[PDB]
Structure formats: C-alpha cells, structure tokens
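Novice: First residue of the first sequence? That's 9 in the deposited numbering, and the numbers climb one at a time after it.
Mind having a look at this structure? Questions to follow.
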Amino acid sequence: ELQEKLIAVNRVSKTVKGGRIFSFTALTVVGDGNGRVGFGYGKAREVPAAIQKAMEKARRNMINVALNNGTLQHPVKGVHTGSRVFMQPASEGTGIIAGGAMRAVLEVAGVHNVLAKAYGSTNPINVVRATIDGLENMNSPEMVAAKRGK
RNA sequence: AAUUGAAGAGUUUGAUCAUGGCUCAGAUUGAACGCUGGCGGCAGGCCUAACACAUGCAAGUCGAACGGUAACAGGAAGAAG
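Take a look at the structure:
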C-alpha cells in the first residue's frame, strides 16, 4: 500500500495585459516502505486539483534502491545545482535525524533509523533529486562482488 | 566490558533561480531584575577600589636547664583562753 504526504506549495504570477493572474503548484513523494521511492511535480489552477495532478504524475519516475535491515549501508554524497547532502548509517535506534524538506522523502523509503545532513543553500525544490541520485549511486556488496571474484 | 555521534526556518523582487548579509528555536551561568512563594539533603556566596579603617580574638610552651618565690594549698616552730 503506497503512502503519500504533501511537502510545500507556493503561488506564482504571469502579469498579462489584463493584470495579475495566478496559479498553484505542488510536490509530493511516494513510498511503499521497502525502498522503490519516486516523486512528482505538477501545476494547476487551484490546490485541490493541483495536488491530485502532482500525485497522478508522481506515479512515474520509479527507481529501485537496495536496502539492508533498517539502516543505509555506506555513506553517500549528493550534489545538484546549489545543494549538497551527507548521510551516515548509525546502525540501530536513534530514529532518524534530518532537517526539513528532507524528512519526508526519506521516511517513505522504509528505513526506520538513519543519520544525515544537508549543506549549503536548501530551497526544497532543488534539495529533492539529491537523495534520489544519492540512493541511485548506492552499491550493496552483491553488485561489487558481481564484478570482482567472490 | 570502558566512547550510539551530525534536524532548520523567516527575510528584496509583480513572480524565478543564485550569491550574500541579519534575526529566531539549545545548553549554560560566582548572576541581577519583575512577579509569586510549603518542606527537607547537598553544595556556593565582593568580579566593582590592592579604598581608608573603630573593637574583640587569630603564636606559645618547658620547673625534668637556672638564679628564685611578689599569690594561693598544706607542713614543723614559736604568742594566744
């Protein structure tokens, strides 16, 4: 059963001949509690349809992230535009400690305990897609074993 | 057995993305102030002028070193009815 939860929403403008006309945007991630976490982004005229459009778009862009027990295996870097992130396993307990606009995208991954921190400027739109490719670059011992002997 | 450790937001431009400053959520105090006020255990109490200081008390003991007896406590002696 897939989960969902909203992150943020802000207004925009166009300022066309008649005057200022507005629109709304939303962003949301999804996760099944066993890795395999995606996200989406969409806009519409009003929030109740905007969030629905965002979620309906979010069903695409699925990925596959290997996980071990309940903690992430090895550290990983992350870079995109103007934001950088850092992570660390911290096996067992201590829950998850992380800043805002980072908690949700990691929670649905299923990991019940991990330690992480983000560096630099942290606009939420840019910060996402950093943990994504960070998990994409992740390797478990089976893959590296598949290219070197045992 | 003796080192399990990393939370962010607000803020300009009609709206955007950055770089940049400012401020706020913590833990502390040899602490002062405002209001309020039950009990017991511990600990602590001139940073400011090394400014000038009333009055009491904070360094004496040995007669088993010595010449001695100004204040007792007893002791022979003499004057007491």
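We treat Cβ as the ideally placed atom computed from N, Cα and C, and that holds for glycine.
Tell me where the alpha helix (DSSP H) around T139 begins and ends.
Specialist: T139 to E144 is the span of the alpha helix (DSSP H), which, as asked, contains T139.
Novice: What residue ranges within the segment 82 to 146 form continuous alpha helix (DSSP H) runs of no fewer than 4 residues, ordered along the chain?
Specialist: Correct list: 111 to 115, 132 to 135 and 139 to 144.
Novice: Any idea which residues DSSP pairs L14 with across the strands?
Specialist: For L14, which the question treats as bridged, DSSP gives the partners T36.
Novice: Since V38 and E12 are thought to touch, with beta carbons under 8 Å apart, how far apart are those beta carbons, to the nearest angstrom?
Specialist: Confirmed, Cβ separation roughly 5 Å.
Novice: From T102 to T79, what distance separates their C-alpha atoms?
Specialist: Distance between the alpha carbons of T102 and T79: 11 Å.
Novice: Starting from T79, follow its DSSP beta bridges and name the residues at the other end.
Specialist: Answer by DSSP bridge pairing, in chain order: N76.
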